[PDB]
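This report refers to the structure that appears directly beneath it.
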Amino acid sequence: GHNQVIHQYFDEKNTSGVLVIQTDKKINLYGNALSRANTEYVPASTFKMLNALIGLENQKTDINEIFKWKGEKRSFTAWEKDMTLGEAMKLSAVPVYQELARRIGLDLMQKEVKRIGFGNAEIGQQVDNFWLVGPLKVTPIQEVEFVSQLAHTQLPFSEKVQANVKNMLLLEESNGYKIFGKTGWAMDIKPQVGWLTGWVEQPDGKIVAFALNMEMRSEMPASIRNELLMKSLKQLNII
Ligand SMILES: *[C@H](O)[C@H](CO)[C@H]1C[C@H](S[C@H]2CN[C@@H](C(=O)N(C)C)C2)C(C(=O)O)=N1
């Protein structure tokens, strides 16, 4: 795991990004813009993780509820269907999570966001968008520590709610490994922020958490985040 071959990966793909790795509470930095690791960015869709935890834990929803599509056009046509929280989770289908956020409400949301200490822990006044255009912001090291705690079932929620949310986040089974994670793309902010935050569950059971964060642009393919993550995790020989 050379802290420079990963740099040629970010150098090549033409971007400014960091990959934060946390192995058993030890944090390492890789990429071509290590300064991004302690700078705040909007969490975009990575916040759905906390949103789901707050919603489940507080019985505003449950993992079997079917969220009904009432027919408005949405940004992607794969969002234009009925789905559960878990399906909405894998599609990053923000209208489902905004309706959840309105159920939770500002007071409960701000109290939970502050109790968890997520990012700057500020949600402002509009319950249904504070994670997409501000004021809520989080550094990539804070995301890796958050997602690390979730992988270890260490966040201040009941175990069953955490386990429910983890099972919403399965991305790949490979070589006997498991990668869990949540993509994120804030396309309105400039520069655009890309997020891919999760963890690797190595066959021995060991857990290594990651927060890939990078500046983004409209023409890039969605797979650019997984590409940059997988070829890195194998270069550090995590996978
Ligand atoms: C929603 O706020 C946002 C999360 O930050 C959405 C938009 C982008 S990309 C978009 C492309 N089609 C969706 C998808 O991946 N599937 C499977 C239909 C999501 C995004 C992201 O992927 O980072 N999440």
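For the structure tokens, the naming scheme is as follows: chains receive sequential letters (A, B, ...) according to their order of presentation, residues are indexed from 1 within each chain, and ligands are indexed from 1 in presentation order.
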- Message: If we count only C-alpha atoms and set the cut-off at 10 Å, which residues sit around stretch 87-93 of chain A, ignoring sequence neighbours fewer than 3 positions away in its own chain? Please answer as a PyMOL selection string.
- Response: chain A and resi 44-46+48-49+52+63+66-67+74-76+78-84+96-98+165+168-171+181-185
- Can you pull out every residue within 12 Å of residue A:228, counting only C-alpha atoms, but drop anything in the same chain fewer than 2 positions away, and send it as an NGL selection string? :A and (5-19 or 30-32 or 194-196 or 211-214 or 221-226 or 230-235)
Would you pick out the contacts of residue A:157 at 8 Å or less, using only C-alpha atoms, so that residues sharing its chain but fewer than 4 positions from it are not included, and give the list as a compact mmCIF listing (two decimals) with N, CA, C and O atoms, in the first residue's frame?
```txt
# COMPACT_ATOMS: atom_id res chain seq x y z
N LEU A 53 -31.39 5.46 10.25
CA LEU A 53 -31.20 5.12 11.66
C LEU A 53 -32.16 5.91 12.54
O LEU A 53 -32.82 5.34 13.42
N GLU A 57 -35.19 3.94 14.39
CA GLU A 57 -35.09 3.95 15.85
C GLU A 57 -36.29 4.65 16.49
O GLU A 57 -36.76 4.24 17.56
N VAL A 161 -31.64 -1.75 15.03
CA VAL A 161 -31.79 -0.71 14.02
C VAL A 161 -30.50 -0.58 13.22
O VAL A 161 -30.53 -0.50 11.98
N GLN A 162 -29.34 -0.61 13.89
CA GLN A 162 -28.07 -0.52 13.18
C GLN A 162 -27.92 -1.69 12.21
O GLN A 162 -27.57 -1.51 11.04
```
- Distance atom CA of residue A:109-atom CA of residue A:137, one decimal place?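 Interatomic distance, atom CA of residue A:109 to atom CA of residue A:137: 14.8 Å.
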- Item | Pick from A:39, A:153, A:139, A:218, whichever lies nearest to ligand 1 using only C-alpha atoms and all ligand atoms |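 Between A:39, A:153, A:139, A:218, the residue approaching ligand 1 most closely is A:218.
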- Atom pair atom CA of residue A:101 / atom CA of residue A:55: separation (Å):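 Computing the Euclidean distance for atom CA of residue A:101 and atom CA of residue A:55 yields 7.8 Å.
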- Name the residues of stretch 56-176 of chain A that fall into alpha helix (DSSP H) according to DSSP on the backbone, using the chain letters and numbers of this document, as number ranges by chain. A: 56-57, 85-91, 94-104, 106-116, 140-151, 159-166
- If you run DSSP on this backbone, which residues of stretch 12-238 of chain A come out as strand (DSSP E or B), and could you give them as a count of residues only? 52
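Closest to residue A:132 among A:173, A:188, A:99, A:145 is A:188, based on only C-alpha atoms.
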